[PDB]
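Residues per chain, in single letters:
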Amino acid sequence: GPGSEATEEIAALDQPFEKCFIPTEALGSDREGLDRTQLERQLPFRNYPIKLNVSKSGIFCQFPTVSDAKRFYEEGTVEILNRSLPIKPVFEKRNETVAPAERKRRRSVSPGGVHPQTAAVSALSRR
């Protein structure tokens, strides 16, 4: 995804905030909308400068400075739709995993069959 490359060597453990994401799920169908004009004049968001972009995944939050992002993350909880929403940073991590192939076998049996006959008999009766 989108992001910026910073000197991870300087503090990889710290994982400095650069961009935040506001998840949506229990918001409901109301999450599909987000009027920008109303959003600008809404719940916490006006407290600090923040780039708000509507997305089907939620609301993108980009801050001009790391400090603003950190203050918003640490003390910028928001309540939207009468629901407290936390600040989730956009970080990615590559994990190493392996999925060995597996095979399964099943027992099979012969269905059998009927051999042909070159002769046949029948009972003759008339009533």
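Residues numbered from 1 in each chain as written, not as in the entry; some residues may be left out. Heavy atoms only, no water.

Its PDB header names solution NMR as the technique used to obtain the model.

### A look at the overall build of the chain
To keep things clear, this is the line we draw: Put simply, DSSP marks the helices as runs of H or I at least four residues long and the strands as runs of E at least two long, and each gets a number from the N terminus on. Here the radius of gyration uses the C-alpha set of atoms, whereas the globule reference equals 2.2 Å times the residue count to the power 0.38. Buried, partly exposed and exposed residues are distinguished by accessible area as a fraction of the type maximum, computed with a 1.4 Å probe on protein chains only: under 20%, between the cut-offs, and over 50%, respectively. Contacts: residue pairs with any heavy atoms within 4.5 Å of one another. Counted as positive: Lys and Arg. Counted as negative: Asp and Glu, with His and the chain ends omitted from the count. Every charge is mapped to an atom, namely NZ of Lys, CZ of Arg, CG of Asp or CD of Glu.
Looking only at helices and strands, the chain features 3 helices and 6 strands. Shown N-terminal to C-terminal, the secondary structure of the chain runs as helices and strands in the order α-β-α-β-β-α-β-β-β. In terms of C-alpha radius of gyration, the chain reaches 33 Å, well past the compact-globule figure of 14 Å for 127 residues. Reported as C-alpha extents along the three principal axes, the dimensions of the chain are approximately 105 × 45 × 20 Å. Evaluated residue by residue, the chain yields a buried proportion of 20% over its 127 residues. Once local pairs closer than 6 in sequence are excluded, the contacts in the chain between residues at least 24 apart make up 56%. Computed over 20 positive and 17 negative side-chain charges, the separation of the two mean positions in the chain equals 20 Å.

### A few points about the layout of surface pockets
The following threshold applies: Definitions used throughout: a 1 Å grid over protein atoms alone; a cavity as a set of points that fits a 1.4 Å probe which cannot get out; a pocket as an open set with protein on both sides within 12 Å along at least five of seven lines; a lining residue as one with an atom within 4 Å of a point. Grid points are joined across faces, edges and corners, and a volume is the space filled by probe spheres set on the points. Under the grouping applied here, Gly and all other residues not named as nonpolar or charged are polar, the nonpolar ones being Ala, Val, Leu, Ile, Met, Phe, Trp, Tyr, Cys and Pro and the charged ones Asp, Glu, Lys and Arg.
Estimates place the volume of the largest pocket at around 460 Å³. What lines the largest pocket is a set of 17 residues, among which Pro2, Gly3, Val90, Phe91 and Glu92 lie closest to the centre. Looking at the lining of the largest pocket residue by residue, the classes come out as 7 nonpolar, 4 polar and 6 charged. Of the pockets and cavities examined, the second largest pocket occupies roughly 240 Å³. Every residue lining the second largest pocket is counted, 13 residues in all, and those nearest its centre are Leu34, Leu39, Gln42, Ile80 and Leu81. Of the residues assigned to the lining of the second largest pocket, the class counts are 6 nonpolar, 3 polar and 4 charged.

### So, the pattern of salt bridges
Where side chains of opposite charge bring their charged atoms close, a pairing between them can arise. Cut-off, in case you're wondering: The salt bridge definition used is simple: a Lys or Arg side-chain nitrogen within 4 Å of an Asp or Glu carboxyl oxygen.
All chains considered together, the criterion is met by 2 salt bridges. The shortest N-O distance in the salt bridge between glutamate 32 and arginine 31 comes to 3.6 Å. Residue class for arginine 31 comes out partly exposed when judged on its relative accessible area of 31%. A salt bridge links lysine 70 to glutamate 74; the nearest nitrogen and oxygen atoms lie 2.9 Å apart.

### Some points on the pairing of strand β1 (residues 19–23)
For clarity, the threshold we go by: DSSP-based pairing: two strands are paired if at least 2 bridges between them are found.
Among the 5 residues that make up β1, 4 are buried, leaving the element largely enclosed by the rest of the structure. When β1 meets strand β3 (residues 58–62), the two strands line up antiparallel, connected through 5 bridges. In the strand pairing of β3, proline 23 is matched with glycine 58. Taken together, the 2 bridges between β1 and strand β6 (residues 88–89) define a ladder with antiparallel strand orientation. Paired with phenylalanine 21 across the bridge in β6 is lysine 88.

### So, the packing of aromatic side chains
For clarity, the cut-off: To pair, rings of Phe, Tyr and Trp, with the six-membered ring standing in for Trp, must have centres within 6.5 Å; the planes then decide the type, stacked if under 30 degrees apart, edge-to-face if over 60, and tilted in the middle. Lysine NZ or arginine CZ positioned within 6 Å of the ring centre and within 35 degrees of the ring normal marks a charge as sitting over the ring.
In total, this model carries 5 aromatic pairs according to the counting rule given. Lying over the aromatic face of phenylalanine 60, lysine 19 brings its terminal NZ or CZ to 4.2 Å of the ring centre.

### Some details on the environment of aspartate 35
Inclusion rule: Polar contact criterion, stated in full: a pair of N or O atoms within 3.5 Å, where within protein one must be able to donate a hydrogen and the other to accept it, and residues adjacent in sequence count only if both atoms are side-chain atoms.
In this fold, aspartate 35 is placed in the loop between β1 and α2 (36–40). Separated by 22 residues in the primary sequence, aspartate 35 and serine 57 place their C-alpha atoms 15 Å from one another. Of the polar contacts made by the side chain of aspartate 35, one reaches the backbone nitrogen of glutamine 38; its length is 3.1 Å.

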